[PDB]
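Take a look at this single chain in structure tokens; it is the form deposited in one PDB entry.
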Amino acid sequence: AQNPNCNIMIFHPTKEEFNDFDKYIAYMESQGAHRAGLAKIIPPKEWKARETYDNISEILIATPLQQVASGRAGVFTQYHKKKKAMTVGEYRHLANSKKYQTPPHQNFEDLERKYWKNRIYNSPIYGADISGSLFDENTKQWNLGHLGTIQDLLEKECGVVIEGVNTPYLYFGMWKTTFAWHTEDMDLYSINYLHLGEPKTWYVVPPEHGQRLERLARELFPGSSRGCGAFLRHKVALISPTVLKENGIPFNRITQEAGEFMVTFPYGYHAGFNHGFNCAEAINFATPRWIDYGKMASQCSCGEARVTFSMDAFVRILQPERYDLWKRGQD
């Protein structure tokens, strides 16, 4: 059995191997990559996402989100306070201001220590979930706006057409901006490209151990857990690596740099933070192996999560017994 310790694997596809996206995902899984929950893919040297990033300052961040924490340094929740719109150029200047800029640090490990020590005492502002793409239309390999759709995957595997569309999102980050512990909607895969700027550090729990993280989260956030049997779906809970280690939770960590892709696998819980000003693009996707995870994925029906139009058909077809309750939670 490949990758039995569930380590994060790093791949260096050649230009030929970079042509067929689905085939390379399958290849990584044949090597056990999915057991970690996350893999890094370094594109071949001949590849580029677009020519330059010199002309992005006029993109609008319609609803920047200030991420306000509550709790303790290693066990906290965050809520998103809406701020006034600003352009990417204005956001970059804000990220680099004294209030928000990355502090002096010696290496990624020093910055990680500073993050977990000090995150709760600041409220960084995040450009998240902006529909759009920065891939050039002429980039034919690993273009996140040109992947096969999840709707087409479900039709190919299970035989029925469904409504819905699947498009990418942009994320503009700054120091301390945080993504809470979660799996993807319907336990889908995700792919993430860091277009420009400073790194993003990731933490991940192997899919085979995801229930261990859920159990700890219920213990550490007891009111939240009483409110919703799938409250991690709300994407607001943070637990530090120190607390995970103290509780024996299996996990790994890795830092992504500009020009690198990360793939998260079905039911791989992940969380992390941005080191400084950056821009990432991400989208969910499916493969034949996802179907069984989609059929079993937990759902939030308490109201909080209230997700995409496209999730309706996935619940409707893959989880008919749960559909009516889930739908009540969306309205």
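Here the rigid core means the biggest group of C-alpha atoms that line up within 1.5 Å when the two forms are laid on top of each other. Residues that one form lacks are left out of the comparison. All residue numbers refer to positions in the sequence shown, first residue = 1.
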Higher mean Cα B-factor in the deposited model: 109-117 or 198-206?
109-117
Mean C-alpha B-factor comparison - 37-45 and 300-308, higher one:
300-308
I'd like to know which of 215, 253, 176, 140 has the highest C-alpha temperature factor in the PDB entry.
140
Per the entry's Cα B factor values, which of 244, 188, 180, 165 stands out as the maximum?
165
Lowest, middle or highest third - CA B-factor, residue 184:
lowest
Going by the CA temperature factor in the PDB record, which third of the chain does residue 129 belong to: lowest, middle or highest?
highest
Using the B-factor values recorded in the entry, state whether the Cα atom of residue 31 falls in the lowest, middle or highest third among the modelled residues of its chain.
middle
Test of reading the entry: by CA B factor among the chain's modelled residues, which third contains residue 237?
lowest
Ranked C-alpha temperature factor of residue 51 among modelled chain residues, by third
highest
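Another form exists, solved in complex with a small molecule; not displayed. Remarks below refer to it.
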Even though the partner isn't displayed, in the entry with it bound is residue 305 close enough to the small molecule, meaning a heavy atom within 4.5 Å?
yes
Just checking whether residue 300 would be counted as a contact of the small molecule in the entry with it bound - the rule being heavy atoms within 4.5 angstroms.
yes
Mobile segments between this form and the one not shown - rigid core superposition, Cα shift of 2 Å or more, 3+ residues:
324-328
